[PDB]
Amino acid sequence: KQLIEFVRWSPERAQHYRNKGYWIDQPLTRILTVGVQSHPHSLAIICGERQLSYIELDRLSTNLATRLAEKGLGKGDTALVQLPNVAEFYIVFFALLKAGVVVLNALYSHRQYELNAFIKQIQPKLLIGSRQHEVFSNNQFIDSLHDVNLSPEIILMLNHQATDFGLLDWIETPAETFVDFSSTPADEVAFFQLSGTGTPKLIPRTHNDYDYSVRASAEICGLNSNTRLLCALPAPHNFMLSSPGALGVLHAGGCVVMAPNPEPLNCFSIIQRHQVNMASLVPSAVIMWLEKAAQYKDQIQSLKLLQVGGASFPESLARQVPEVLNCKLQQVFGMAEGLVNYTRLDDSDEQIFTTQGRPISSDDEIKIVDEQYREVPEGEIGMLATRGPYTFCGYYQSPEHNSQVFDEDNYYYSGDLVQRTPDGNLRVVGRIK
């Protein structure tokens, strides 16, 4: 009966964030609802040969939601979802948001070891996966869950076997009866994000905070109804999902275009076929694209904006993006825990090629501290500490850790080493363990 527990912002910060218009107290489903009202038939997702309009995405996720509610899944319940980069990922996500089921999206590259840890932490009553995944190749994993009383009441499978509950069956046809359902409240948990090294920690994200990061990111990256965003990174990743990600593109009324991964030749033909004009990558993938871009120039001419985040992205490599990939560059330094930094579209070249940008919000607060947690002199290198309208206040059910990474003012210490540049942007120089 209880809603999932999580650490709240102080009432004072929550009020401030409402006052500024960051938190508008709407569910994440807002994105679909509004899209359906404005442009029901414009494309929301392109996946292989499939094309899903906004109203289709809306109907299909409502269908699955009704089926889950009919089975008694809802508020206070959790779910574990593990799907590849396919349209069903978003249908399921919006379905669970609609039903008020708090979902953890595992990476498709996660294995039974991680899945096991996730299941023990959130005890899902719903598990959705794919038979084509190693862990669900057989029933060894599922069975082993019964041997510990951690079996989900419901298990849906993509690429299902005849004796499976077929994910597409539950999506394609509504329930026989009508049970009532609705999203969890806007300042309560919507879903779990995952930290990015020894088994991902769970980051509760509320509707308010996530929708805000999405809406504000979309504005920063100039998304609009003509945006076609390649989704070649894992769909569940905070970067690919919200920065600005698929949610940001849907917020702006554009279209997400799926790819299994960042493999250059496949991505290039997808980009060409659908005239993709935006993409998001990590440096190792940018390098793969650079190796082939000269020869396949014609195929990627439609790219207008490439976001790059993660790892290390030296200036000399960054300059190759507009030079070889023939599109604008935007650097992104963010974290599933909250804070995201973007270079702005009207930043100087120097800023874009040598910094990782600046926070989404004027109310993203940042401390850069020395070994004694004193703020360093302006411009020096220090440890990042941060808080804001979309940065979390603690990991799920982890009081000991939380106390280790938050200070008395609820600043989060990400471990990143950073310096502020004179222009105002941030440069990430390393990481502290």
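For clarity, a rigid core is taken as the largest C-alpha set superposing within 1.5 Å between two forms. When you see a residue number, it is the position in the sequence shown, counting from 1.
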| item | value |
| --- | --- |
| Greatest C-alpha divergence in 4 other deposited structures of this protein once each structure is fitted on the rigid core, 274 to 282 or 306 to 314 | 306 to 314 |
| Continuity check for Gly196 and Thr197, given as deposited residues lacking coordinates between them | 1 to 3 |
| 128 to 136 versus 328 to 336 - greater average Cα B-factor per the deposited record | 128 to 136 |
| Of 92 to 100 and 291 to 299, the one with larger mean CA B-factor | 291 to 299 |
| Among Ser213, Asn238, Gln320, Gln121 - the residue whose C-alpha B-factor is largest in the record | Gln121 |
| Residue of maximum C-alpha B factor among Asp143, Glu219, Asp363, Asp209, per deposited coordinates | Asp143 |
| Third of chain Cα B-factors occupied by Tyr373 | highest |
| CA B-factor ranking of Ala162, expressed as a third of its chain | highest |
| Third of the chain's Cα B-factor distribution that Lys201 belongs to, per the entry | middle |
| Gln419 - which third its CA temperature factor falls in, relative to the rest of the chain | middle |
| Chain thirds of CA B-factor: placement of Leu250 | lowest |
